[PDB]
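What follows is a set of notes on a single structure, which appears directly below.
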Amino acid sequence: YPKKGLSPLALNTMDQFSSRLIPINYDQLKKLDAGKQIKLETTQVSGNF
Amino acid sequence: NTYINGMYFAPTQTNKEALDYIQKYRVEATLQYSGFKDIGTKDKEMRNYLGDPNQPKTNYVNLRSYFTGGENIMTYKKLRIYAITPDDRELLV
Amino acid sequence: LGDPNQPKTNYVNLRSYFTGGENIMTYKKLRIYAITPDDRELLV
């Protein structure tokens with residue numbers, strides 16, 4: 001998801017109803033522009049059948 | 001007396017991508033008293049080259065942010081690089 | 001010309017290029033880029 005010939009999806013919010021873009025404070029911003037890169041993980045996925 | 005504040009290291013050439021691979025710098029400098037001492041490491045930052053707001057961003061050694069109380073003179077010092085796993089060596093005087 | 005009541009034209013900032021000094025009234029050239037091919041507009 002999505003198909004292979006199409007661009008990937010994006011997330012930029014975090015609320016129940018989509019607003020309030022995700023904040024990052026000063027020290028994390030400096031270490032982020034220091035060259036270090038963030039990592040991402042999956043915890044649990046629910047759906048239906 | 002002239003004192004050294006920082007280093008706007010390597011303004012953007014036509015090709016410098018290897019500077020994006022670098023994360024830590026390490027410096028040994030001469031203090032005003034008991035010169036040529038080893039100082040630890042920091043991380044590089046982004047600053048506009050020569051302070052001009054119409055310029056690309058480069059790597060900057062912020063030499064004030066170290067384990068020093070005194071200043072720096074125009075005499076001998078060394079500057080080593082850390083790539084992410086190994087150690088390299090670049091600058092001297 | 002920096003007028004607040006005028007259209008917005010093209011502009012070439014020469015200062016945001018890979019330089020350290022300044023430029024003088026001497027040999028200079030300015031070349032276009034179209035989307036696919038190449039061309040040239042200005043000389044001295």
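For the structure tokens, the naming scheme is as follows: chains receive sequential letters (A, B, ...) according to their order of presentation, residues are indexed from 1 within each chain, and ligands are indexed from 1 in presentation order.
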Hey, which bits of chain B sit within 9 Å of chain A, and for each residue what's the closest pair of atoms and how far apart in Å (one decimal), counting only C-alpha atoms, rows by chain and increasing number, as JSON lines?
{"residue": "B:20", "atom": "CA", "partner": "A:35", "partner_atom": "CA", "distance": 6.9}
{"residue": "B:21", "atom": "CA", "partner": "A:35", "partner_atom": "CA", "distance": 7.6}
{"residue": "B:22", "atom": "CA", "partner": "A:35", "partner_atom": "CA", "distance": 7.3}
{"residue": "B:23", "atom": "CA", "partner": "A:35", "partner_atom": "CA", "distance": 5.8}
{"residue": "B:24", "atom": "CA", "partner": "A:34", "partner_atom": "CA", "distance": 8.6}
{"residue": "B:43", "atom": "CA", "partner": "A:34", "partner_atom": "CA", "distance": 6.3}
{"residue": "B:44", "atom": "CA", "partner": "A:34", "partner_atom": "CA", "distance": 5.8}
{"residue": "B:45", "atom": "CA", "partner": "A:34", "partner_atom": "CA", "distance": 5.7}
{"residue": "B:46", "atom": "CA", "partner": "A:33", "partner_atom": "CA", "distance": 7.4}
Check: which chain C residues lie within 12 Å of chain B using only C-alpha atoms, as an NGL selection string: :C and (13-21)
Contacts of range 38-44 of chain C within 8 Å, only C-alpha atoms, excl. fewer than 6 positions in-chain, as a list in words: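 Listing them by chain and then by number gives residues 26, 27, 28, 29, 30, 31 and 32 of chain C.
The spacing separating CA of residue 75 in chain B from CA of residue 59 in chain B amounts to 23.1 Å.
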One-decimal distance in Å that lies between CA of residue 17 in chain B and CA of residue 57 in chain B: 12.9 Å
Shell around residue 60 in chain B at 8 Å using only C-alpha atoms, local window under 2 positions removed, as a PyMOL selection string: chain B and resi 6-9+44-47+58+62
Using the selection just defined, write its residues with C-alpha atoms as a compact mmCIF listing (two decimals), in the first residue's frame.
# COMPACT_ATOMS: atom_id res chain seq x y z
CA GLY B 6 35.54 28.98 15.24
CA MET B 7 35.97 27.32 11.87
CA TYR B 8 33.66 27.72 8.89
CA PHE B 9 35.12 24.54 7.48
CA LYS B 44 29.35 19.72 13.91
CA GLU B 45 26.63 22.28 13.24
CA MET B 46 25.21 24.22 10.31
CA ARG B 47 26.07 27.88 9.77
CA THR B 58 28.35 24.46 5.91
CA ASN B 62 32.41 25.84 17.46
Near-residue 30 in chain B list (7 Å; only C-alpha atoms; drop same-chain fewer than 5 positions) as a PDB file with N, CA and C atoms, in the first residue's frame:
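Writing the result to part.pdb gives the following:
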ATOM      1  N   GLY B  35      49.941  25.162  27.058  1.00  0.00           N
ATOM      2  CA  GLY B  35      49.484  24.884  25.713  1.00  0.00           C
ATOM      3  C   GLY B  35      49.660  23.434  25.299  1.00  0.00           C
ATOM      4  N   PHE B  36      49.021  23.116  24.168  1.00  0.00           N
ATOM      5  CA  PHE B  36      48.980  21.797  23.526  1.00  0.00           C
ATOM      6  C   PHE B  36      48.429  20.736  24.487  1.00  0.00           C
ATOM      7  N   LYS B  37      47.150  20.898  24.801  1.00  0.00           N
ATOM      8  CA  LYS B  37      46.425  19.936  25.611  1.00  0.00           C
ATOM      9  C   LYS B  37      45.320  19.282  24.790  1.00  0.00           C
ATOM     10  N   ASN B  72      43.005  30.997  22.522  1.00  0.00           N
ATOM     11  CA  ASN B  72      43.823  30.282  21.549  1.00  0.00           C
ATOM     12  C   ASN B  72      44.705  31.257  20.777  1.00  0.00           C
ATOM     13  N   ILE B  73      45.917  30.815  20.435  1.00  0.00           N
ATOM     14  CA  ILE B  73      46.951  31.675  19.870  1.00  0.00           C
ATOM     15  C   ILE B  73      47.260  31.149  18.467  1.00  0.00           C
ATOM     16  N   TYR B  76      50.820  26.108  17.512  1.00  0.00           N
ATOM     17  CA  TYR B  76      50.587  24.748  17.034  1.00  0.00           C
ATOM     18  C   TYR B  76      49.302  24.142  17.584  1.00  0.00           C
ATOM     19  N   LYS B  77      48.586  23.432  16.713  1.00  0.00           N
ATOM     20  CA  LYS B  77      47.329  22.772  17.040  1.00  0.00           C
ATOM     21  C   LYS B  77      47.037  21.718  15.984  1.00  0.00           C
TER      22      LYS B  77
END
